[PDB]
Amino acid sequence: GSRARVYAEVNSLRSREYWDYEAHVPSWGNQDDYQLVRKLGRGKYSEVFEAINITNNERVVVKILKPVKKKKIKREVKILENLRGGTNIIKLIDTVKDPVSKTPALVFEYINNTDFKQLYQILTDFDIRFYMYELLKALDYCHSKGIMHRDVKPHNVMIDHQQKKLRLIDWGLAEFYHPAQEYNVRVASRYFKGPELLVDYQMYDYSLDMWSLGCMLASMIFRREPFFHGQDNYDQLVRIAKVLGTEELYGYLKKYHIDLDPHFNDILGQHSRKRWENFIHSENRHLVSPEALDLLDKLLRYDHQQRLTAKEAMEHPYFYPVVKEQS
């Protein structure tokens, strides 16, 4: 069946230890070197704190991992090891445990994040190009390392808008890509789930992340965040189909032999494919260009195999102004 157009065999070409995360044995340092200063957030798998390393005064973030099999912990740790030094990937400083309870935690570099809801209403055209280019560097890097992030969304994209620093965080849903492998579709935030997930197509690849990135680009240039605002996973696909079109959805399903859950029959309706220019109005016109729309059109495609790769996206004319500034 389906495979990635890029980096398809890269894990098969590496040593097994690279991708056999169940066999990984982390070295767990001592969490007692860190003083927790403030809670930043919590989710189903972790709680995150700002902290200080008392031995060297470094400000960090500590992600204390909630009870889960050690398998998911080893996965995230091994992925982060493999991504060491990757451009715009959050830096893992250490893997530590409370030395009595043995509860594990991950220590990351600090980023002075600007809350994205505030940020995404004040970005300039050049800012959007710049930050999308920076995020693409992280995705091209992880994809080249054989890893799908599977949870790309604004929260997971820390941006320090003063220092112009971007980091892709929270690798707890990330997996290794292996050709023909069937993956769990219960990944990503609703609003950033690709159509493949919503139609229960398990043989997905790095291109899932490119759908999510496209959703972010749409939200930035159009100032509608999130761009596709489903009420549940079923409605999420309806929201997509009202833009990309229903006949076009059916062509995708037919190509990949995808079985459609019959609950969709009652809710998808009939929708023409919309022109991306339909989303332009006076509040967003200064962020939208022909180049932006061309790029977006090539990301927000049903057919995962037809989406741009991260590299192809980086190579698009939309980013020429950014490349020129960075050269």
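We call the rigid core the largest set of C-alpha positions that still match within 1.5 Å between the two forms. In this text, residue numbers run from 1 along the sequence as written.
Two stretches, 164-172 and 114-122, are weighed by how far their CA atoms sit from the shown form in 9 other deposited structures of this protein after rigid core superposition; the farther one is 114-122.
Between 37-45 and 261-269, greater CA displacement relative to the shown form is found for 37-45 when the structures in 9 other deposited structures of this protein are fitted on the core. With 121-129 and 219-227 compared on mean CA B-factor from the PDB entry, the stretch scoring higher is 121-129. Comparing the deposited coordinates for 204-212 and 161-169, the stretch with the larger average C-alpha B-factor is 161-169. Based on the entry's C-alpha B-factors, the most elevated value among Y34, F279, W28, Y302 belongs to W28. Out of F176, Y191, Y256, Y141, it is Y256 whose C-alpha atom has the highest B-factor in the PDB entry. When the modelled residues of the chain are ordered by their C-alpha B factor, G146 lands in the lowest third. Ranked by Cα temperature factor within the chain, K97 sits in the middle third according to the deposited record.
Sorting the modelled residues of the chain by their CA temperature factor places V288 in the highest third. In the PDB entry, a CA B factor belonging to the middle third of its chain's modelled residues is recorded for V62. For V199, the recorded CA temperature factor ranks within the middle third of the chain's modelled residues.
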